[PDB]
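Okay, so here's just one chain, in structure tokens, the form deposited in one PDB entry.
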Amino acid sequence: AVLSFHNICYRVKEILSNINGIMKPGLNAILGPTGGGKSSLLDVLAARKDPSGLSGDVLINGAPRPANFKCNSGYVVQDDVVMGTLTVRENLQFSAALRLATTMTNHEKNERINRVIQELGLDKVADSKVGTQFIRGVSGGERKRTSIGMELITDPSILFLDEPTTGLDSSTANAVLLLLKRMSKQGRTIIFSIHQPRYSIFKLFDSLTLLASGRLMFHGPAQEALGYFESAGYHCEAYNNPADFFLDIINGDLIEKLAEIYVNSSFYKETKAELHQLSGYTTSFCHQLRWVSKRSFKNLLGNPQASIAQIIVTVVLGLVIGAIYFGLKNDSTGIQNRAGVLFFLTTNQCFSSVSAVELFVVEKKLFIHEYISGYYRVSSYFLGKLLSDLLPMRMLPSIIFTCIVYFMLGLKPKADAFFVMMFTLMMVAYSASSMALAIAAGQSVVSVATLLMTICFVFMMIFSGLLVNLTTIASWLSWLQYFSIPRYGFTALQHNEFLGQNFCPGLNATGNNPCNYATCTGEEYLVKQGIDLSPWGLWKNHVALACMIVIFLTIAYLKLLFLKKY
């Protein structure tokens, strides 16, 4: 494959003015300042950029690049995207199971994986866990090699690398560039963008492209770059990295002087004549859910720190709450104690579901990259990150709290009420989680999302029905009580528990209540808060919570579908 680009111009001020050149099979590189065009000409050349701006005809072997280009190509990310909880083998297997052809057997698949990991060099480090912050990881060179290895599986012809060295000590850079060189000796077109390279790298380059502030200051063979500037009038000193010399020409030994001197050089005319001569899904759905749910389940268990922290804090809070409220009595303090513990449970679920913000904000980058590459679709990814990150997590505390506290406290000792309480707490957990996802999906930063969730939650807590009596608010503001999840959770719990109780020792009020203002039964307390006393009165809260779950997950799915993928 020999990519080519003529008259490319990008518009979000045109960051890319006019670019012409051919990329023969070798080891070419695009380097410029931070204020040049480095991080954009690659996403242009790799179809990672919007087709709106560009105007030239980026064409391979004459054939204008088809629509299946992106899944056919391979583009290594700037930083590393591999998962720290799985091992190198699982990483190279999850990428070889969604990009390969389902018609082939696992024998050929694992054989190709073995060839890849054995030619790359991580065969000695095959089964070793890649590593997260907590667990001892593998060398960063091996991390970059693993990332380079999750794109050799499909066997492309063109490999794009954006900044393969930004984040590596000067030790591993030579080895990684030698690895790339060894790849390029077999017929792969490697196109990478680099940040101030050392001469221990620049020696082996085939073709150089210099992008100085949105213009093409040079494109041609890279051995003939110092000869370009020495015959331009300057002097070639010694003991200086020629790439730093190039990046220093842009900053005082203007930008529109060299850019118009280059068009005068034969490296423009000869290549333009050459170019004028030249011009003259792969997987199922359930398959795209199996491996996503698998990788997510591994990464959630493989990172026991967060999940065990959750379960430990939940068991400890449950035992503390069971010891403080141990043995609820049926007297004047009984109503206050029951209302307080139920409020605390329904509010703990909501305020602890603020950690669902890390689901899609910590994983935004890899999601976008994998989707643009073509592993899966948005719906399969949604369902495979929701079946193994929100079902096995938010279901546990709802069962643990209900197992521990329900019998230490002494709540309603009946077969159904126990499971109804458990189900209610589960629904509150899932609804707060869905709302956190709706507010958080697509947002690249965590802090503003956490602030929004916190403000929404304190307002719903105000309208929950313990602080202010929901039947005393002025009618022009009372409708605000229907937009709050804690209110439905607390209403369901209060209904489930307060129905058949008495709180006045010696006083049977079920008959004729003497001397009102007493609040001597659970039904009087229930109606004072504005709560129905029918089974529909209990189950409409669950209907509302289900509808909230549906609406919020639909909003999250729409925010994932319409996201700016380029």
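If you superpose the two forms and keep the largest set of C-alpha atoms that fall within 1.5 Å, you have the rigid core. One rule holds for the numbers: they count along the sequence shown, beginning at 1.
- Compared with other entries of the same protein, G227 falls outside the group left without coordinates by a third of them; all model it where both flanks are modelled.
- Not even a third of the other compared entries skip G149; each one keeps it along with the residues on either side.
- Gap check for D416 to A417: zero deposited residues are absent from the model.
- The modelled chain breaks between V12 and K13, where 10 or more residues of the deposited sequence lack coordinates.
There is another form of the same protein, the form deposited in another entry; it is not shown, and what comes next is about it.
- Positional change of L211 between the shown form and the other one reaches 2 Å or more at the C-alpha, relative to the superposed core.
- Relative to the superposed rigid core, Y75 undergoes a CA displacement smaller than 2 Å between the shown form and the other one.
- The two forms, fitted on the rigid core, differ between the shown form and the other one by less than 2 Å at the CA of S434.
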